[PDB]
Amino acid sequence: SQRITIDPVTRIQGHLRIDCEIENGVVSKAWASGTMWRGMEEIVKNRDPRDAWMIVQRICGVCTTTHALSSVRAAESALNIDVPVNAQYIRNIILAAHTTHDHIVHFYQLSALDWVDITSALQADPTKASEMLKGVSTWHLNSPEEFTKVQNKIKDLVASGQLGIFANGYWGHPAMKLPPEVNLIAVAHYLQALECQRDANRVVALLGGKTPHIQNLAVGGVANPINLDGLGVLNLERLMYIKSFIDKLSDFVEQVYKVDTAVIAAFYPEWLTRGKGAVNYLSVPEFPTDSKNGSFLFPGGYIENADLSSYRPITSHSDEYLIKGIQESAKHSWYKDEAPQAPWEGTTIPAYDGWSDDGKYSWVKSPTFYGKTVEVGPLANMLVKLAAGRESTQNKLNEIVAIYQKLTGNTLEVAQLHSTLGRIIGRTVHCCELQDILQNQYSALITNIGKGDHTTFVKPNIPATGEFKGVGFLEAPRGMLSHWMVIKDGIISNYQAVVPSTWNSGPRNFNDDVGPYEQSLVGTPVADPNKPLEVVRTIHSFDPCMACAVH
């Protein structure tokens, strides 16, 4: 029996502490703690509704764009504004491209070093490594020559005795199962991923005006002036430039990221039977394409007790059943008001009192949906799409399964997706489907401009009396996001963000029910309590973002 702390958890966004009780070499109980707070909800209070998005975008720079978009959607909701369709196309392209960058960086820069041993890569034969990928990928940068150059970069780094961010990593740990060759392939793909993510953010920059932190939104649409014949504005040349970057993303995503995902499963199949965080899942529909903030390209819904057959579809961001279900509690959080609160009536009154295992131990609130704990994020969004019978999602998952089949002789069933690896797989599927979103929305924009619609913005009015409530939903890279705005006498009288990492990372709730991170860890085998790699493997699968979780 023993108690460990993992603080800081690295290769995430933000400040996270994980505690675990280990008994008989398996985690028996866990605590997740967000250890930094800013009070972003209070900072934005009393301001003009139109200004909120620029301030609350700074909740997070990893998921940049997301809080900006949710905030404008919340104001638009409160005010009953229908966004111009061109503004939806532009918002959608930004979100999709951003998410592409986000997911690639998560799989490679954040998560790969849980599964990949760089010391072992030094012992690889580059030709054998390349040979392994024959018939498995058509990627044009898996040659022995590429792998040799990468191996030499590792050789030289190790030679210098300055390992920096690769130092004191978990090399030779018993839970590292990849052969030398596969470790080398992964490091090469790690480096290649950085080129691809750069291209995805060039898309974002050309519409956003920069990234991180886009600056082209407004309550009422966007600030991009569409004029094909205009100097200095969003003309056909600038649109061609955007398209040239959208076109560069697919090959890496399809031939490297999608494949590596199938491969990590093939070598680590035990991780398909651990890391279940919840039995309930929620996602919201995303990428509206009509003139009335609807006709989403991706579906949403609610799954209860893992039953896809009886899930409830969510097709509208104004769905009262979704709106009325959401509450947050601070019983085991460092805030004063503990009973579950609907976010329009939410408070965020800090009440720090140090760590207690049975008391308050986190700046993260505890969200519930009709009193239940729910997992959000790519696992949720894939399961909902499978529930909806979405052919694109079925087909993409099947491609991953077929690679896994080929390598192992085994298949993957839906039951195995409720796991650390299923979570990773849902993220990869999402990144893949997002490339079609980009192509679809670019084409829609070009077509609409060609019909003579250059409208991008409708100037809002905000009544100087009255109290109005609005909620902006967004399917972010880490899951369902919502910003909740109350306007009274023209200014923001309450602002509450309920963020996807809040749902997943949040501590024990009003009824002391365990959140997804904490739940997912029960049962985790830990070969060495001083180097708890297995715990971090599961926690990374959720893509924690603690500036998001706490704000």
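Residue indices: 1-based, along the sequence shown.
Mean C-alpha B-factor is higher over 464 to 472 than over the other stretch, the pair under comparison being 87 to 95 and 464 to 472. For the pair 69 to 77 and 442 to 450, the mean B factor over Cα atoms is greater in 442 to 450. For the set 158, 249, 226, 242, the PDB entry puts the maximum C-alpha B factor at 158.
Per the deposited record, 338 carries the highest C-alpha B-factor of all listed residues (260, 338, 286, 433). Annotation for residue 427: C-alpha temperature factor in the lowest third relative to the rest of the modelled chain, per the entry.
In this PDB entry, residue 53 carries a Cα temperature factor that places it within the lowest third of its chain's modelled residues. When the CA B factors of the chain's modelled residues are split into thirds, the value for residue 483 lands in the lowest one. In this PDB entry, residue 33 carries a Cα temperature factor that places it within the middle third of its chain's modelled residues.
Remark: residue 501 belongs to the lowest third of its chain, ranked by C-alpha B-factor as recorded.
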